[PDB]
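Novice: Input my_file.txt, format and content: compact mmCIF, N, CA, C and O atoms.
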# COMPACT_ATOMS: atom_id res chain seq x y z
N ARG A 1 -11.32 31.00 -7.09
CA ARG A 1 -10.11 31.01 -6.22
C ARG A 1 -9.99 29.77 -5.31
O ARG A 1 -9.07 29.01 -5.46
N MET A 2 -10.87 29.62 -4.34
CA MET A 2 -11.05 28.37 -3.65
C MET A 2 -11.66 27.28 -4.61
O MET A 2 -11.27 26.09 -4.55
N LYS A 3 -12.57 27.68 -5.51
CA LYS A 3 -13.13 26.76 -6.55
C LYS A 3 -12.09 26.43 -7.53
O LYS A 3 -12.11 25.40 -8.20
N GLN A 4 -11.19 27.33 -7.71
CA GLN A 4 -10.28 27.07 -8.74
C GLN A 4 -9.31 25.97 -8.32
O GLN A 4 -8.85 25.17 -9.13
N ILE A 5 -9.00 25.97 -7.02
CA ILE A 5 -8.05 25.10 -6.46
C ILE A 5 -8.74 23.74 -6.41
O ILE A 5 -8.13 22.74 -6.74
N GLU A 6 -10.00 23.73 -5.99
CA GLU A 6 -10.78 22.51 -5.97
C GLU A 6 -10.97 21.89 -7.31
O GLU A 6 -10.96 20.71 -7.42
N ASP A 7 -11.19 22.70 -8.31
CA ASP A 7 -11.31 22.25 -9.65
C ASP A 7 -10.05 21.47 -10.13
O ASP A 7 -10.15 20.40 -10.73
N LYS A 8 -8.89 22.09 -9.90
CA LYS A 8 -7.62 21.46 -10.19
C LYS A 8 -7.34 20.22 -9.38
O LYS A 8 -6.80 19.25 -9.88
N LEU A 9 -7.77 20.22 -8.16
CA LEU A 9 -7.70 19.03 -7.38
C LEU A 9 -8.39 17.83 -8.02
O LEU A 9 -7.95 16.69 -7.88
N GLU A 10 -9.52 18.11 -8.65
CA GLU A 10 -10.46 17.13 -9.12
C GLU A 10 -9.89 16.47 -10.29
O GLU A 10 -10.03 15.27 -10.41
N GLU A 11 -9.25 17.28 -11.14
CA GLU A 11 -8.40 16.83 -12.26
C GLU A 11 -7.22 16.00 -11.84
O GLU A 11 -6.94 14.92 -12.35
N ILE A 12 -6.48 16.47 -10.86
CA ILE A 12 -5.43 15.65 -10.27
C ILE A 12 -5.88 14.30 -9.84
O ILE A 12 -5.29 13.25 -10.15
N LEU A 13 -6.97 14.27 -9.15
CA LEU A 13 -7.53 13.00 -8.68
C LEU A 13 -7.92 12.08 -9.82
O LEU A 13 -7.73 10.84 -9.77
N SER A 14 -8.47 12.65 -10.90
CA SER A 14 -8.80 11.81 -12.11
C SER A 14 -7.54 11.16 -12.73
O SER A 14 -7.54 10.09 -13.29
N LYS A 15 -6.44 11.86 -12.73
CA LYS A 15 -5.25 11.29 -13.19
C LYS A 15 -4.85 10.13 -12.33
O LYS A 15 -4.34 9.20 -12.83
N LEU A 16 -4.98 10.24 -11.02
CA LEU A 16 -4.62 9.17 -10.09
C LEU A 16 -5.49 8.00 -10.38
O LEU A 16 -5.00 6.95 -10.52
N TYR A 17 -6.78 8.17 -10.61
CA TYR A 17 -7.58 7.01 -11.02
C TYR A 17 -7.15 6.43 -12.34
O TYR A 17 -7.12 5.23 -12.54
N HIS A 18 -6.75 7.24 -13.26
CA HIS A 18 -6.22 6.70 -14.49
C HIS A 18 -4.88 5.98 -14.30
O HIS A 18 -4.63 4.91 -14.89
N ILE A 19 -3.98 6.54 -13.51
CA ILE A 19 -2.83 5.74 -13.11
C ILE A 19 -3.17 4.36 -12.46
O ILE A 19 -2.54 3.30 -12.80
N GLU A 20 -4.16 4.31 -11.58
CA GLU A 20 -4.65 2.96 -11.13
C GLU A 20 -5.14 2.04 -12.24
O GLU A 20 -4.98 0.80 -12.23
N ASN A 21 -5.81 2.57 -13.23
CA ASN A 21 -6.21 1.65 -14.30
C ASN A 21 -5.02 1.13 -15.08
O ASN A 21 -5.11 0.04 -15.59
N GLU A 22 -4.02 2.00 -15.33
CA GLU A 22 -2.83 1.60 -16.08
C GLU A 22 -2.17 0.46 -15.31
O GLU A 22 -1.58 -0.46 -15.92
N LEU A 23 -2.29 0.47 -13.97
CA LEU A 23 -1.59 -0.52 -13.12
C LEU A 23 -2.41 -1.81 -13.13
O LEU A 23 -1.82 -2.92 -13.23
N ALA A 24 -3.73 -1.67 -13.09
CA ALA A 24 -4.61 -2.85 -13.12
C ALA A 24 -4.39 -3.70 -14.39
O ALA A 24 -4.26 -4.92 -14.29
N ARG A 25 -4.32 -3.05 -15.54
CA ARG A 25 -3.85 -3.71 -16.78
C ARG A 25 -2.51 -4.46 -16.72
O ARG A 25 -2.46 -5.66 -17.06
N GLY A 26 -1.43 -3.75 -16.37
CA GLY A 26 -0.08 -4.27 -16.49
C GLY A 26 0.23 -5.52 -15.66
O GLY A 26 1.14 -6.26 -16.09
N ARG B 1 1.87 33.12 -1.92
CA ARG B 1 0.38 33.15 -2.03
C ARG B 1 -0.31 31.91 -2.79
O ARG B 1 0.19 30.77 -2.81
N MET B 2 -1.48 32.17 -3.36
CA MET B 2 -2.00 31.48 -4.53
C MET B 2 -1.03 31.35 -5.75
O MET B 2 -1.17 30.53 -6.63
N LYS B 3 -0.03 32.18 -5.83
CA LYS B 3 0.93 32.00 -6.89
C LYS B 3 1.71 30.69 -6.75
O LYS B 3 2.01 30.02 -7.75
N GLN B 4 2.07 30.39 -5.51
CA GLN B 4 2.88 29.24 -5.18
C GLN B 4 2.02 27.98 -5.27
O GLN B 4 2.43 26.98 -5.80
N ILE B 5 0.83 28.03 -4.70
CA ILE B 5 -0.17 27.01 -4.82
C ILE B 5 -0.42 26.70 -6.32
O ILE B 5 -0.46 25.57 -6.69
N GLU B 6 -0.54 27.70 -7.17
CA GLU B 6 -0.91 27.45 -8.52
C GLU B 6 0.29 26.85 -9.16
O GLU B 6 0.12 25.98 -9.97
N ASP B 7 1.50 27.20 -8.75
CA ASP B 7 2.65 26.58 -9.41
C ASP B 7 2.85 25.11 -8.97
O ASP B 7 3.33 24.32 -9.71
N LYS B 8 2.51 24.82 -7.74
CA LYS B 8 2.58 23.48 -7.19
C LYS B 8 1.51 22.60 -7.83
O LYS B 8 1.75 21.50 -8.18
N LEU B 9 0.36 23.14 -8.06
CA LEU B 9 -0.68 22.42 -8.74
C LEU B 9 -0.25 22.03 -10.13
O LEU B 9 -0.40 20.87 -10.49
N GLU B 10 0.37 22.94 -10.88
CA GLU B 10 0.83 22.61 -12.24
C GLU B 10 1.98 21.62 -12.29
O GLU B 10 2.03 20.75 -13.16
N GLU B 11 2.85 21.77 -11.33
CA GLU B 11 3.88 20.82 -11.17
C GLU B 11 3.36 19.45 -10.72
O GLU B 11 3.80 18.47 -11.15
N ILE B 12 2.38 19.40 -9.87
CA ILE B 12 1.79 18.12 -9.53
C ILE B 12 1.23 17.39 -10.78
O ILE B 12 1.51 16.24 -11.04
N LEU B 13 0.51 18.16 -11.55
CA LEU B 13 -0.13 17.78 -12.79
C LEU B 13 0.79 17.30 -13.82
O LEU B 13 0.56 16.24 -14.38
N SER B 14 1.82 18.06 -14.11
CA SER B 14 2.87 17.61 -14.93
C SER B 14 3.59 16.37 -14.50
O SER B 14 3.94 15.56 -15.33
N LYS B 15 3.98 16.26 -13.26
CA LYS B 15 4.47 14.96 -12.77
C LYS B 15 3.55 13.79 -12.95
O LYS B 15 3.94 12.68 -13.39
N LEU B 16 2.27 14.02 -12.77
CA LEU B 16 1.22 13.01 -13.13
C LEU B 16 1.12 12.58 -14.58
O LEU B 16 1.03 11.41 -14.87
N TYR B 17 1.24 13.48 -15.53
CA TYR B 17 1.38 13.16 -16.96
C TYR B 17 2.61 12.40 -17.22
O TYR B 17 2.59 11.36 -17.93
N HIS B 18 3.73 12.82 -16.62
CA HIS B 18 4.93 12.05 -16.75
C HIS B 18 4.87 10.61 -16.30
O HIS B 18 5.38 9.71 -16.99
N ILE B 19 4.25 10.37 -15.16
CA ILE B 19 4.08 9.03 -14.64
C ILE B 19 3.20 8.21 -15.48
O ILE B 19 3.49 7.01 -15.70
N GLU B 20 2.04 8.74 -15.86
CA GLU B 20 1.21 8.06 -16.82
C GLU B 20 1.94 7.62 -18.10
O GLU B 20 1.62 6.61 -18.65
N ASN B 21 2.74 8.52 -18.65
CA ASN B 21 3.54 8.26 -19.84
C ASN B 21 4.65 7.19 -19.60
O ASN B 21 4.91 6.42 -20.45
N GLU B 22 5.29 7.18 -18.43
CA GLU B 22 6.25 6.10 -18.06
C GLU B 22 5.53 4.78 -17.97
O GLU B 22 6.06 3.80 -18.41
N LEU B 23 4.34 4.73 -17.39
CA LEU B 23 3.61 3.52 -17.30
C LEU B 23 3.20 3.05 -18.68
O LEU B 23 3.23 1.88 -19.00
N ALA B 24 2.91 3.98 -19.58
CA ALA B 24 2.41 3.61 -20.90
C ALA B 24 3.56 3.14 -21.73
O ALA B 24 3.40 2.26 -22.49
N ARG B 25 4.72 3.73 -21.57
CA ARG B 25 5.93 3.35 -22.29
C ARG B 25 6.33 1.88 -21.90
O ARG B 25 6.88 1.10 -22.69
N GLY B 26 6.04 1.54 -20.67
CA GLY B 26 6.40 0.26 -20.08
C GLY B 26 5.54 -0.84 -20.56
O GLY B 26 6.06 -1.87 -20.89
N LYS B 27 4.23 -0.61 -20.67
CA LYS B 27 3.33 -1.65 -21.17
C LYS B 27 3.64 -1.97 -22.63
O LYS B 27 3.65 -3.13 -23.00
N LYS B 28 3.95 -0.96 -23.43
CA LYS B 28 4.30 -1.21 -24.84
C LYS B 28 5.48 -2.21 -24.91
O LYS B 28 5.35 -3.32 -25.46
N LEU B 29 6.60 -1.85 -24.29
CA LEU B 29 7.83 -2.65 -24.33
C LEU B 29 7.73 -4.04 -23.72
O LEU B 29 8.46 -4.92 -24.16
N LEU B 30 6.84 -4.23 -22.74
CA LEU B 30 6.51 -5.57 -22.19
C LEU B 30 6.12 -6.65 -23.22
O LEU B 30 6.83 -7.65 -23.41
N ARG C 1 -4.37 28.19 6.43
CA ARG C 1 -5.50 27.99 5.49
C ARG C 1 -5.07 27.90 4.01
O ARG C 1 -5.22 26.87 3.40
N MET C 2 -4.57 28.98 3.44
CA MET C 2 -3.84 28.93 2.19
C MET C 2 -2.47 28.19 2.38
O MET C 2 -2.03 27.43 1.49
N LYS C 3 -1.80 28.39 3.53
CA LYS C 3 -0.55 27.65 3.87
C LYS C 3 -0.85 26.24 4.11
O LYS C 3 -0.02 25.35 3.96
N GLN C 4 -2.02 25.99 4.56
CA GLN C 4 -2.26 24.66 4.92
C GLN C 4 -2.41 23.80 3.66
O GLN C 4 -2.03 22.63 3.64
N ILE C 5 -2.97 24.42 2.63
CA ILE C 5 -3.29 23.77 1.42
C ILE C 5 -1.94 23.58 0.72
O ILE C 5 -1.68 22.53 0.18
N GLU C 6 -1.11 24.63 0.74
CA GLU C 6 0.21 24.55 0.17
C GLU C 6 1.09 23.54 0.81
O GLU C 6 1.85 22.91 0.15
N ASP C 7 1.01 23.43 2.11
CA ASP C 7 1.74 22.46 2.85
C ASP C 7 1.42 21.01 2.38
O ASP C 7 2.32 20.19 2.17
N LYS C 8 0.12 20.72 2.29
CA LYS C 8 -0.35 19.46 1.77
C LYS C 8 0.00 19.20 0.33
O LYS C 8 0.34 18.09 -0.06
N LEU C 9 0.00 20.23 -0.45
CA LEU C 9 0.48 20.11 -1.78
C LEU C 9 1.90 19.58 -1.89
O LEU C 9 2.25 18.85 -2.81
N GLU C 10 2.72 20.02 -0.95
CA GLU C 10 4.15 19.85 -0.97
C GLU C 10 4.45 18.45 -0.67
O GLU C 10 5.34 17.90 -1.29
N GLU C 11 3.71 17.91 0.29
CA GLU C 11 3.66 16.47 0.60
C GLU C 11 3.19 15.60 -0.54
O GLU C 11 3.79 14.60 -0.90
N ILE C 12 2.10 15.97 -1.16
CA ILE C 12 1.67 15.30 -2.38
C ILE C 12 2.73 15.21 -3.42
O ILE C 12 3.04 14.16 -4.00
N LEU C 13 3.37 16.31 -3.65
CA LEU C 13 4.45 16.35 -4.65
C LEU C 13 5.62 15.45 -4.28
O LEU C 13 6.23 14.78 -5.15
N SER C 14 5.95 15.39 -2.98
CA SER C 14 7.04 14.44 -2.54
C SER C 14 6.68 12.96 -2.83
O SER C 14 7.49 12.11 -3.08
N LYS C 15 5.43 12.61 -2.68
CA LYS C 15 5.02 11.31 -3.01
C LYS C 15 5.22 11.05 -4.47
O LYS C 15 5.56 9.99 -4.82
N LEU C 16 4.90 12.00 -5.33
CA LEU C 16 5.06 11.85 -6.78
C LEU C 16 6.51 11.66 -7.06
O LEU C 16 6.83 10.78 -7.75
N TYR C 17 7.42 12.41 -6.45
CA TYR C 17 8.83 12.10 -6.67
C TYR C 17 9.23 10.73 -6.16
O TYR C 17 10.00 10.02 -6.78
N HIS C 18 8.68 10.29 -5.09
CA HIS C 18 8.94 8.94 -4.66
C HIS C 18 8.35 7.89 -5.61
O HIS C 18 8.99 6.85 -5.91
N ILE C 19 7.13 8.08 -6.08
CA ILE C 19 6.68 7.23 -7.17
C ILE C 19 7.61 7.20 -8.42
O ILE C 19 7.90 6.10 -9.00
N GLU C 20 8.14 8.35 -8.85
CA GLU C 20 9.23 8.30 -9.88
C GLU C 20 10.45 7.48 -9.52
O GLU C 20 11.10 6.80 -10.34
N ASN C 21 10.88 7.53 -8.28
CA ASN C 21 12.02 6.67 -7.96
C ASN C 21 11.68 5.20 -8.03
O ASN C 21 12.56 4.42 -8.32
N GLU C 22 10.46 4.82 -7.57
CA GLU C 22 10.03 3.43 -7.58
C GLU C 22 10.06 2.96 -9.04
O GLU C 22 10.35 1.78 -9.31
N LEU C 23 9.78 3.88 -9.98
CA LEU C 23 9.66 3.51 -11.40
C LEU C 23 11.06 3.40 -11.99
O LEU C 23 11.35 2.46 -12.76
N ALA C 24 11.94 4.32 -11.58
CA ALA C 24 13.33 4.29 -12.07
C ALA C 24 14.04 2.96 -11.72
O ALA C 24 14.67 2.36 -12.59
N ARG C 25 13.89 2.50 -10.49
CA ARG C 25 14.28 1.12 -10.11
C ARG C 25 13.74 -0.03 -10.98
O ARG C 25 14.54 -0.83 -11.50
N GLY C 26 12.41 -0.14 -11.08
CA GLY C 26 11.77 -1.31 -11.68
C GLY C 26 12.09 -1.56 -13.15
O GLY C 26 12.00 -2.75 -13.54
N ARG D 1 -16.78 24.21 0.48
CA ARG D 1 -15.67 25.09 0.97
C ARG D 1 -14.20 24.45 0.94
O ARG D 1 -13.84 23.60 0.11
N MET D 2 -13.34 24.95 1.82
CA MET D 2 -12.22 24.21 2.39
C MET D 2 -12.54 22.79 2.95
O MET D 2 -11.69 21.94 3.12
N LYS D 3 -13.77 22.51 3.26
CA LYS D 3 -14.08 21.16 3.68
C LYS D 3 -13.88 20.15 2.55
O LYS D 3 -13.41 19.02 2.79
N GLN D 4 -14.29 20.56 1.35
CA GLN D 4 -14.25 19.71 0.18
C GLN D 4 -12.80 19.61 -0.32
O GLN D 4 -12.35 18.55 -0.65
N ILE D 5 -12.12 20.72 -0.39
CA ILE D 5 -10.71 20.79 -0.67
C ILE D 5 -9.93 19.87 0.30
O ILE D 5 -9.11 19.12 -0.12
N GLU D 6 -10.24 19.88 1.58
CA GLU D 6 -9.46 19.14 2.52
C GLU D 6 -9.80 17.72 2.29
O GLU D 6 -8.92 16.90 2.39
N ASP D 7 -11.02 17.38 1.90
CA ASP D 7 -11.30 15.97 1.68
C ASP D 7 -10.66 15.43 0.39
O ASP D 7 -10.33 14.28 0.32
N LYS D 8 -10.55 16.27 -0.60
CA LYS D 8 -9.91 15.93 -1.86
C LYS D 8 -8.41 15.79 -1.66
O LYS D 8 -7.81 14.90 -2.16
N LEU D 9 -7.84 16.62 -0.85
CA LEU D 9 -6.44 16.49 -0.52
C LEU D 9 -6.15 15.18 0.13
O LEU D 9 -5.22 14.50 -0.28
N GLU D 10 -6.97 14.74 1.09
CA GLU D 10 -6.75 13.46 1.76
C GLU D 10 -6.96 12.25 0.88
O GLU D 10 -6.23 11.26 0.95
N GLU D 11 -7.95 12.37 0.04
CA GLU D 11 -8.17 11.38 -0.94
C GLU D 11 -7.04 11.34 -1.99
O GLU D 11 -6.64 10.34 -2.41
N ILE D 12 -6.52 12.46 -2.39
CA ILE D 12 -5.38 12.44 -3.29
C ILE D 12 -4.19 11.66 -2.68
O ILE D 12 -3.60 10.78 -3.28
N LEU D 13 -3.93 11.99 -1.44
CA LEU D 13 -2.89 11.44 -0.59
C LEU D 13 -2.99 9.99 -0.39
O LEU D 13 -2.02 9.29 -0.57
N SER D 14 -4.15 9.52 0.03
CA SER D 14 -4.43 8.15 0.08
C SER D 14 -4.30 7.38 -1.20
O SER D 14 -3.84 6.26 -1.20
N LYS D 15 -4.85 7.87 -2.29
CA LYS D 15 -4.53 7.25 -3.59
C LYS D 15 -3.08 7.17 -3.95
O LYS D 15 -2.56 6.13 -4.42
N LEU D 16 -2.32 8.18 -3.59
CA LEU D 16 -0.82 8.13 -3.69
C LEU D 16 -0.10 7.09 -2.86
O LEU D 16 0.76 6.41 -3.36
N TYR D 17 -0.50 6.84 -1.63
CA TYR D 17 -0.03 5.71 -0.82
C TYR D 17 -0.39 4.42 -1.43
O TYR D 17 0.46 3.50 -1.55
N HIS D 18 -1.63 4.30 -1.91
CA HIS D 18 -2.01 3.11 -2.61
C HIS D 18 -1.19 2.75 -3.82
O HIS D 18 -0.82 1.58 -4.02
N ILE D 19 -0.88 3.73 -4.65
CA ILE D 19 -0.06 3.54 -5.82
C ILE D 19 1.33 3.17 -5.48
O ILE D 19 1.92 2.29 -6.15
N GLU D 20 1.95 3.90 -4.57
CA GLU D 20 3.23 3.50 -4.07
C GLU D 20 3.31 2.04 -3.60
O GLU D 20 4.32 1.42 -3.74
N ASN D 21 2.30 1.62 -2.84
CA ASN D 21 2.20 0.25 -2.34
C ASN D 21 1.98 -0.79 -3.48
O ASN D 21 2.49 -1.85 -3.41
N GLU D 22 1.20 -0.46 -4.51
CA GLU D 22 1.07 -1.34 -5.71
C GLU D 22 2.39 -1.46 -6.41
O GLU D 22 2.73 -2.52 -6.84
N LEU D 23 3.15 -0.37 -6.56
CA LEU D 23 4.42 -0.44 -7.19
C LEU D 23 5.38 -1.27 -6.36
O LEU D 23 6.17 -2.04 -6.86
N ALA D 24 5.25 -1.20 -5.04
CA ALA D 24 6.20 -1.90 -4.17
C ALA D 24 5.87 -3.35 -4.16
O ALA D 24 6.73 -4.15 -4.11
N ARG D 25 4.59 -3.70 -4.21
CA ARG D 25 4.13 -5.08 -4.24
C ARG D 25 4.65 -5.78 -5.55
O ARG D 25 4.94 -6.98 -5.61
N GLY D 26 4.75 -4.99 -6.60
CA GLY D 26 5.12 -5.45 -7.92
C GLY D 26 6.57 -5.73 -8.02
O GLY D 26 6.92 -6.74 -8.57
N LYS D 27 7.42 -4.87 -7.46
CA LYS D 27 8.87 -5.12 -7.50
C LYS D 27 9.22 -6.37 -6.71
O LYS D 27 10.04 -7.16 -7.16
N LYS D 28 8.57 -6.59 -5.57
CA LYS D 28 8.85 -7.81 -4.79
C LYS D 28 8.62 -9.06 -5.67
O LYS D 28 9.55 -9.84 -5.92
N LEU D 29 7.40 -9.19 -6.20
CA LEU D 29 7.00 -10.37 -7.00
C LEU D 29 7.78 -10.58 -8.28
O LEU D 29 7.90 -11.72 -8.71
N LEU D 30 8.29 -9.50 -8.89
CA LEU D 30 9.23 -9.58 -10.04
C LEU D 30 10.46 -10.49 -9.86
O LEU D 30 10.61 -11.52 -10.53
Before anything else, please render the file you have as structure tokens.
Specialist:
Amino acid sequence: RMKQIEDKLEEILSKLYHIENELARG
Amino acid sequence: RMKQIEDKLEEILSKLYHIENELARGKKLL
Amino acid sequence: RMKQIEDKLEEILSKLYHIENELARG
Amino acid sequence: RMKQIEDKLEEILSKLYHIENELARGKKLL
């Protein structure tokens, strides 16, 4: 429940790092 | 409740896939 | 506590919509 | 706990400001 929200957060954050890599390339 | 939180989380996530895909569409066409 | 997390979520989501507008322009 | 959640939320937020600012830096130089 609280872990579940944190878990999803962690995934969200990984996407943001992947969006930064897409930007570093372009 | 957690219902709204869970829906916001999925919507956040989906918007993130969308952005990633816009960025990817852009590098191709460049 | 649960509102607080939701509140922050809502802000996060507004940024994502603003990032979409920045992309629609460029 | 909520401590970790709150730190992840701030970090999410900060990364979002950063991205917005990279996008804004890019449109100027274009």
Novice: Report as CSV: every residue of chain A with an atom at most 8 Å from chain D, its closest pair of atoms, and their distance in Å to one decimal, counting only N, CA, C and O atoms, with rows sorted by chain and ascending residue number.
Specialist:
residue,atom,partner,partner_atom,distance
A:2,O,D:1,O,5.9
A:3,N,D:1,O,7.1
A:5,C,D:5,CA,6.7
A:6,CA,D:5,CA,5.6
A:7,N,D:5,CA,7.9
A:9,O,D:8,O,6.0
A:10,N,D:8,CA,7.1
A:12,C,D:12,CA,6.8
A:13,CA,D:12,CA,5.8
A:16,O,D:15,O,6.6
A:17,N,D:15,CA,7.4
A:19,C,D:19,CA,7.4
A:20,CA,D:19,CA,7.0
A:23,O,D:22,O,7.9
Novice: Take the selection from the previous step and output its residues with N, CA, C and O atoms, as a PDB file, in the frame of the given file.
Specialist:
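The new file result.pdb reads:
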ATOM      1  N   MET A   2     -10.870  29.620  -4.340  1.00  0.00           N
ATOM      2  CA  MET A   2     -11.050  28.370  -3.650  1.00  0.00           C
ATOM      3  C   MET A   2     -11.660  27.280  -4.610  1.00  0.00           C
ATOM      4  O   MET A   2     -11.270  26.090  -4.550  1.00  0.00           O
ATOM      5  N   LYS A   3     -12.570  27.680  -5.510  1.00  0.00           N
ATOM      6  CA  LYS A   3     -13.130  26.760  -6.550  1.00  0.00           C
ATOM      7  C   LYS A   3     -12.090  26.430  -7.530  1.00  0.00           C
ATOM      8  O   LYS A   3     -12.110  25.400  -8.200  1.00  0.00           O
ATOM      9  N   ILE A   5      -9.000  25.970  -7.020  1.00  0.00           N
ATOM     10  CA  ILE A   5      -8.050  25.100  -6.460  1.00  0.00           C
ATOM     11  C   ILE A   5      -8.740  23.740  -6.410  1.00  0.00           C
ATOM     12  O   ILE A   5      -8.130  22.740  -6.740  1.00  0.00           O
ATOM     13  N   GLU A   6     -10.000  23.730  -5.990  1.00  0.00           N
ATOM     14  CA  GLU A   6     -10.780  22.510  -5.970  1.00  0.00           C
ATOM     15  C   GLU A   6     -10.970  21.890  -7.310  1.00  0.00           C
ATOM     16  O   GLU A   6     -10.960  20.710  -7.420  1.00  0.00           O
ATOM     17  N   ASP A   7     -11.190  22.700  -8.310  1.00  0.00           N
ATOM     18  CA  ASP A   7     -11.310  22.250  -9.650  1.00  0.00           C
ATOM     19  C   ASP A   7     -10.050  21.470 -10.130  1.00  0.00           C
ATOM     20  O   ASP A   7     -10.150  20.400 -10.730  1.00  0.00           O
ATOM     21  N   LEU A   9      -7.770  20.220  -8.160  1.00  0.00           N
ATOM     22  CA  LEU A   9      -7.700  19.030  -7.380  1.00  0.00           C
ATOM     23  C   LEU A   9      -8.390  17.830  -8.020  1.00  0.00           C
ATOM     24  O   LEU A   9      -7.950  16.690  -7.880  1.00  0.00           O
ATOM     25  N   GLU A  10      -9.520  18.110  -8.650  1.00  0.00           N
ATOM     26  CA  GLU A  10     -10.460  17.130  -9.120  1.00  0.00           C
ATOM     27  C   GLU A  10      -9.890  16.470 -10.290  1.00  0.00           C
ATOM     28  O   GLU A  10     -10.030  15.270 -10.410  1.00  0.00           O
ATOM     29  N   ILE A  12      -6.480  16.470 -10.860  1.00  0.00           N
ATOM     30  CA  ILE A  12      -5.430  15.650 -10.270  1.00  0.00           C
ATOM     31  C   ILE A  12      -5.880  14.300  -9.840  1.00  0.00           C
ATOM     32  O   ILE A  12      -5.290  13.250 -10.150  1.00  0.00           O
ATOM     33  N   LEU A  13      -6.970  14.270  -9.150  1.00  0.00           N
ATOM     34  CA  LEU A  13      -7.530  13.000  -8.680  1.00  0.00           C
ATOM     35  C   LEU A  13      -7.920  12.080  -9.820  1.00  0.00           C
ATOM     36  O   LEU A  13      -7.730  10.840  -9.770  1.00  0.00           O
ATOM     37  N   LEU A  16      -4.980  10.240 -11.020  1.00  0.00           N
ATOM     38  CA  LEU A  16      -4.620   9.170 -10.090  1.00  0.00           C
ATOM     39  C   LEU A  16      -5.490   8.000 -10.380  1.00  0.00           C
ATOM     40  O   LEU A  16      -5.000   6.950 -10.520  1.00  0.00           O
ATOM     41  N   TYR A  17      -6.780   8.170 -10.610  1.00  0.00           N
ATOM     42  CA  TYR A  17      -7.580   7.010 -11.020  1.00  0.00           C
ATOM     43  C   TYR A  17      -7.150   6.430 -12.340  1.00  0.00           C
ATOM     44  O   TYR A  17      -7.120   5.230 -12.540  1.00  0.00           O
ATOM     45  N   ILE A  19      -3.980   6.540 -13.510  1.00  0.00           N
ATOM     46  CA  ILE A  19      -2.830   5.740 -13.110  1.00  0.00           C
ATOM     47  C   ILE A  19      -3.170   4.360 -12.460  1.00  0.00           C
ATOM     48  O   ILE A  19      -2.540   3.300 -12.800  1.00  0.00           O
ATOM     49  N   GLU A  20      -4.160   4.310 -11.580  1.00  0.00           N
ATOM     50  CA  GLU A  20      -4.650   2.960 -11.130  1.00  0.00           C
ATOM     51  C   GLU A  20      -5.140   2.040 -12.240  1.00  0.00           C
ATOM     52  O   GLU A  20      -4.980   0.800 -12.230  1.00  0.00           O
ATOM     53  N   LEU A  23      -2.290   0.470 -13.970  1.00  0.00           N
ATOM     54  CA  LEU A  23      -1.590  -0.520 -13.120  1.00  0.00           C
ATOM     55  C   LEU A  23      -2.410  -1.810 -13.130  1.00  0.00           C
ATOM     56  O   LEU A  23      -1.820  -2.920 -13.230  1.00  0.00           O
TER      57      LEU A  23
END
Novice: Atom CA of residue 1 of chain A to atom CA of residue 18 of chain A: how many Å, to one decimal?
Specialist: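 These two atoms are separated by 26.0 Å.
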Novice: Which value, in Å to one decimal, gives the distance between atom N of residue 14 of chain A and atom CA of residue 24 of chain C?
Specialist: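 These two atoms are separated by 23.4 Å.
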Novice: Could you tell me how far atom N of residue 21 of chain A lies from atom C of residue 26 of chain C, in Å and to one decimal?
Specialist: 18.4 Å
